[PDB]
Amino acid sequence: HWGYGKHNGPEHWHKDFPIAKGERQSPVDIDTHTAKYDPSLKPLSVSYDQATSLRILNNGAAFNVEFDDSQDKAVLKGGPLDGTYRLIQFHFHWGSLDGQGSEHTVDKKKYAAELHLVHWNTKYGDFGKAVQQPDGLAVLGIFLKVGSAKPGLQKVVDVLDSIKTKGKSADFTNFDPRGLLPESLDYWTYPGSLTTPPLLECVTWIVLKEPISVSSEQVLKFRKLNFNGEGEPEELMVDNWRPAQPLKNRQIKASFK
Ligand SMILES: [Zn+2]
């Protein structure tokens, strides 16, 4: 099955998922000089005050913090979006070393990690129907650099020991994702895809310009997770990022000058 090893990594995914070579694949390099300011773009509206986290799961590709999405509790609206998108989960991608780990890049710069807050368009009723639509998902991407600790991340870091291996989960209630946001909500946006199989071309990407800072110790703990299941040879969950894909016939728009 697909993964991030030498034998099953991103360069192999097209054999099972031919859309991997499609016209609107993610992630991409964000060339800052070519992204054009679009004065028609609105401020992003991030409404997470009533977010209800439930569980954290190691799915063998990353860890997901899952939310109750049975009602409009934590929603993303505005920005480039038409309509209301409900938060279902967040997860990260990260590297074996601080100099790599992000999926998007900025003028070819790789950050240490990248947070994806995944939201689905409520007009399609459920996540499964949403991923079949070109405007079905909105993913808020936030870069992580290593420096000062991010206090609002520590609760996530501290539970990781309990979900070391694929298939493990732990209760994870009352987590406030507002603690993972940077100060500014300035962003780039473009149409793209899921960055893991099935690689569906159903995502409006919104990537924040301002990275958050996390400490070396925080990200070191990410790197102690495992891709493997319990009792299997240990494969550290590191370098779980898909590299940048061709931009093709797309324009990246900036919300800021
Ligand atoms: Zn992701």
Side-chain angles (χ1 to χ4, degrees), residues 26-33 35-53 62 65 67 73-81 84-95 98-119 137-158 172 174-190 203-222 241 252-257:
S26 295
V28 299
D29 181 55
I30 299 167
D31 187 288
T32 66
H33 294 289
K36 188 194 162 72
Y37 170 62
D38 187 346
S40 79
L41 284 174
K42 309 178 188 182
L44 195 58
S45 170
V46 183
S47 292
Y48 286 171
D49 50 285
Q50 298 289 308
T52 301
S53 68
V65 175
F67 289 80
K73 287 179 172 184
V75 305
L76 187 64
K77 307 175 58 180
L81 305 170
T84 296
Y85 292 70
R86 282 194 192 152
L87 182 61
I88 176 168
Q89 54 100 341
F90 73 73
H91 63 270
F92 304 80
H93 308 268
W94 61 91
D98 297 346
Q100 60 191 31
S102 65
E103 293 205 313
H104 296 89
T105 54
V106 180
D107 295 331
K108 299 297 177 76
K109 177 193 173 67
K110 298 172 169 81
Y111 283 91
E114 185 174 330
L115 167 58
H116 288 162
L117 295 126
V118 181
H119 311 74
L137 294 191
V139 183
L140 181 58
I142 300 177
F143 296 118
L144 279 65
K145 64 185 188 181
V146 175
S148 304
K150 189 72 162 176
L153 181 65
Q154 194 59 35
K155 286 180 178 182
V156 171
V157 166
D158 282 337
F172 202 65
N174 300 287
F175 180 77
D176 190 343
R178 291 177 295 185
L180 299 175
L181 304 177
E183 169 187 337
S184 180
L185 297 182
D186 291 347
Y187 63 86
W188 298 285
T189 185
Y190 75 96
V203 183
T204 301
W205 277 94
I206 300 167
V207 179
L208 296 189
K209 174 174 44 65
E210 186 190 328
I212 58 164
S213 288
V214 305
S215 68
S216 60
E217 292 78 17
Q218 286 180 321
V219 69
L220 278 170
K221 292 185 185 184
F222 286 11
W241 48 277
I252 302 179
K253 296 172 187 171
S255 76
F256 59 93
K257 250 190 301 184

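Heavy atoms only: backbone and side chains are in, while hydrogens, waters and symmetry mates are out. Counting from 1, the numbers follow the sequence of the chain as shown.
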- Take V214 and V157, measure what side-chain contact (heavy atoms from CB on, under 4.5 Å) needs, and give me the verdict at the end. CA-CA 11 Å; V214 305; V157 166; over 6 Å; no
- Query: Side chains of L180 and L117: does their closest heavy-atom pair fall under 4.5 Å?
  - Reply: no
- Message: I want to check something: taking the side chain as every heavy atom from C-beta on, are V219 and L144 in contact at a cut-off of under 4.5 Å?
- Response: no
- Of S102, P211, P27, which meets side-chain contact (heavy atoms from CB on, under 4.5 Å) against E114? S102
- Task: Go through the steps to decide whether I30 and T105 satisfy the test side-chain contact (heavy atoms from CB on, under 4.5 Å), and finish with yes or no.
- Result: CA-CA 6 Å; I30 299 167; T105 54; over 6 Å; no
- Message: Any non-hydrogen side-chain atom of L153 less than 4.5 Å from a side-chain atom of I212?
- Response: no
- Heavy atoms of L87 and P177 approach each other most closely as CD2-CG, 4.3 Å
- Task: Would you name the heavy atoms of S184 and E210 that are closest together and state the gap between them?
- Result: N-OE1, 2.9 Å
- Using the test salt bridge (charged side-chain N to carboxylate O under 4.0 Å, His left out), find all partners of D176 that sit at least two apart in sequence or belong to another chain. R178
- Check the surroundings of atom CG in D49: do more than 12 heavy atoms from other residues, nucleotides or ligands lie under 6.0 Å from it? yes
- Task: May I ask you to test the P80-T204 pair for a side-chain heavy-atom distance under 4.5 Å?
- Result: yes
- Task: Work out which heavy atom in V106 is nearest to a heavy atom in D29; give both atom names and the distance.
- Result: N-OD1, 3.8 Å
- Query: Does a side-chain heavy-atom distance below 4.5 Å link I142 with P182?
  - Reply: yes
- Query: Any idea which heavy atoms bring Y48 and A74 closest together, and the distance?
  - Reply: CD2-CB, 3.8 Å
- Message: As a test of understanding, state which of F92, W94, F143, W241 forms a ring pair (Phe, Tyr, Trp, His ring centres under 6.0 Å) with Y111.
- Response: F143
- Task: Mind checking the CG-NZ spacing from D98 to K145? Nearest 0.5 Å is all I need.
- Result: 12.5 Å
- Message: To check you understand the geometry: which heavy-atom pair defines the closest contact between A149 and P151, and what is its length?
- Response: O-CD, 3.4 Å
- Query: What orientation do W205 and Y190 show, parallel under 30°, tilted 30 to 60°, or perpendicular over 60°?
  - Reply: parallel
- Message: Quick one, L41 and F256 - any side-chain contact, counting heavy atoms below 4.5 Å?
- Response: no
- Message: Counting only heavy atoms from other residues, nucleotides and ligands, does the tally under 6.0 Å from NZ of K150 exceed 12?
- Response: yes
- Criterion side-chain contact (heavy atoms from CB on, under 4.5 Å) on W188 and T32, from CA distance to verdict: CA-CA 9 Å; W188 298 285; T32 66; 3.8 Å; yes
- Task: Evaluate the side-chain proximity of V28 to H104: yes if any heavy-atom separation is below 4.5 Å, no if none is.
- Result: yes
- Message: Are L44 and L76 packed together at the side-chain level, in the sense that at least one heavy-atom pair is separated by less than 4.5 angstrom?
- Response: yes
- Kindly compute the distance separating CG (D38) from NZ (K257), expressed to the nearest 0.5 Å. 12.5 Å
- Hits for side chain to side chain donor-acceptor pair (under 3.5 Å) against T52, two or more places apart or cross-chain, chain-then-number order -> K73
- Query: How far does CG of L140 sit from CG of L181, to the nearest 0.5 angstrom?
  - Reply: 7.0 Å
- Item | CA sep, side-chain torsions, deciding dist, call: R86, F67, side-chain contact (heavy atoms from CB on, under 4.5 Å) | CA-CA 9 Å; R86 282 194 192 152; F67 289 80; over 6 Å; no
- Under 3.5 Å donor-acceptor, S45 side chain and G78 backbone: no
- What's the shortest heavy-atom distance between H119 and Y85, and which atoms? CB-CB, 3.6 Å
- Message: Quick check for you: to the nearest 0.5 Å, what is the distance between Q89 atom CD and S53 atom OG?
- Response: 13.0 Å
